[PDB]
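Chain residues, written in single-letter form:
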Amino acid sequence: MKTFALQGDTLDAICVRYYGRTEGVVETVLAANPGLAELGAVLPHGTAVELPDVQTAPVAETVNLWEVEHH
């Protein structure tokens, strides 16, 4: 279960949008998504980050981001 990160949609936000907290979770996503701890600042729109310890199906949110052809 990974989603494309965007402006104001980094782990700091996602973690709160899915789990609703950063304490204890930021460490998890770090192990599942290595090298992301080097970025620091906001992530580049399109970052593929996986959400560990997450159930199937989408999450409570509103958005219709559709895109399959980028090349």
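For this entry, the PDB record names solution NMR as the structure determination method.

Novice: Break down the pairing of strand β2 (residues 47-50) for me, with residues and values.
Specialist: By the alternation rule, side chains of β2 split into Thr47 and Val49, which are all buried, and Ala48 and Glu50, of which none is buried. Inspection of the sheet shows strand β1 (residues 2-5) paired to β2 by four bridges, in the antiparallel sense. Note on β2: the bridge partner recorded for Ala5 is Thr47.

Novice: How would you explain the nonpolar core if you had to name every residue and give the values?
Specialist: In this structure, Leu11, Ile14, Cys15, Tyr19, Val25, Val29, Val49 and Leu51 together form the largest nonpolar core, which totals eight residues. Counting residues per element, this core draws most heavily on helix α1 (residues 11-18), at three residues. Sequence-distant contacts of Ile14, that is, excluding residues within four places in its chain, are made with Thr3, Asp9, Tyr19 and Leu51.

Novice: Got a sec to walk through the pattern of salt bridges? Specific residues and values, please.
Specialist: A complete count under the given rule lists two salt bridges for this structure. Here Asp9 makes a salt bridge to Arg17, at a shortest N to O gap of 3.7 Å. Residue classification places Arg17 among the partly exposed residues on the basis of a relative accessible area of 45%. A salt bridge links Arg17 to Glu61; the nearest nitrogen and oxygen atoms lie 2.9 Å apart. Residue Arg17 is located in helix α1, and its partner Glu61 is located in the segment after β2; the two are separated by 44 residues in the primary sequence. Through salt bridges with shared partners, one network takes in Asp9, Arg17 and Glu61.

Novice: For the side chain of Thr47, give the residues involved together with the corresponding values.
Specialist: As for its position among the elements, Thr47 is in strand β2. At a separation of 2.7 Å, a polar atom in the side chain of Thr47 contacts the main-chain carbonyl oxygen of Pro44. In this structure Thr47 touches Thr3, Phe4, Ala5 and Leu36, once residues within four positions along its chain are discounted.

Reading the values: rules and limits
- Residues numbered from 1 in each chain as written, not as in the entry; some residues may be left out.
- Heavy atoms only, no water.
- Buried < 20%, exposed > 50% of the residue type's maximum accessible area, 1.4 Å probe, protein only.
- Helix = DSSP H or I, 4+ residues; strand = E, 2+ residues; numbered from the N terminus.
- Pairing = 2+ DSSP bridges.
- Core = buried A, V, L, I, M, F, W, Y, C linked by side-chain atoms within 4.5 Å.
- Contact = heavy atoms within 4.5 Å.
- Salt bridge = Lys/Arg side-chain N within 4 Å of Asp/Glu carboxyl O.
- Polar contact = N/O pair within 3.5 Å; in protein donor to acceptor, adjacent residues only side chain to side chain.

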